[PDB]
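FYI, the numbering for the sequence shown is 146 to 175, going by the numbering used here.
Even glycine gets a Cβ: it sits at the ideal position worked out from N, Cα and C.
Beneath this line is the structure, given in C-alpha coordinates, with notes to follow.
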Amino acid sequence: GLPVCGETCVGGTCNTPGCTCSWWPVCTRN
(Lines of atoms letter the chains of each structure in order from A and count residues from 1; the text may use other names and numbers.)
(Lines give C-alpha, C1' and ligand atoms only; values in the text may rest on other atoms or scores of the structure.)
Protein backbone atom coordinates (compact mmCIF):
# COMPACT_ATOMS: atom_id res chain seq x y z
CA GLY A 1 0.00 0.00 0.00
CA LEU A 2 3.06 2.14 -0.31
CA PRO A 3 4.04 3.77 -3.65
CA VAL A 4 7.65 2.67 -3.67
CA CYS A 5 7.55 0.52 -6.74
CA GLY A 6 8.49 3.36 -8.94
CA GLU A 7 6.04 2.19 -11.50
CA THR A 8 2.42 2.59 -12.33
CA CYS A 9 -0.51 0.38 -13.02
CA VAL A 10 -2.63 1.93 -15.71
CA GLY A 11 -4.28 -1.42 -16.22
CA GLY A 12 -4.10 -2.32 -12.55
CA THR A 13 -1.32 -4.76 -13.23
CA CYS A 14 1.96 -4.07 -11.57
CA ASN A 15 5.16 -5.54 -12.92
CA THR A 16 7.39 -5.69 -9.84
CA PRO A 17 6.67 -8.90 -7.81
CA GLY A 18 5.49 -7.67 -4.48
CA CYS A 19 3.60 -4.74 -5.80
CA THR A 20 -0.07 -4.44 -6.05
CA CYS A 21 -2.25 -1.77 -7.56
CA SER A 22 -3.95 -0.33 -4.56
CA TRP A 23 -3.89 3.37 -5.42
CA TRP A 24 -4.69 3.17 -9.11
CA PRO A 25 -3.03 4.05 -11.36
CA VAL A 26 0.07 3.96 -9.16
CA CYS A 27 1.59 0.81 -7.83
CA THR A 28 2.11 0.16 -4.27
CA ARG A 29 3.99 -2.40 -2.31
CA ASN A 30 2.17 -2.82 0.95
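In terms of Cβ geometry, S167 and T161 do not form a close pair [threshold 7 Å]. Beta-bridge pairing by DSSP links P170 to no other residue.
By the criterion of a C-beta distance shorter than 7 Å, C159 is surrounded in its chain by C150, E152, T165, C166 and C172, once the five residues flanking it on both sides are discounted. DSSP, reduced to helix, strand and coil, places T153 within a strand of the structure shown. Sequence-distant partners of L147 (beyond 5 residues in either direction) whose C-beta falls short of 8 Å from its own C-beta, in its chain, are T173, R174 and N175.
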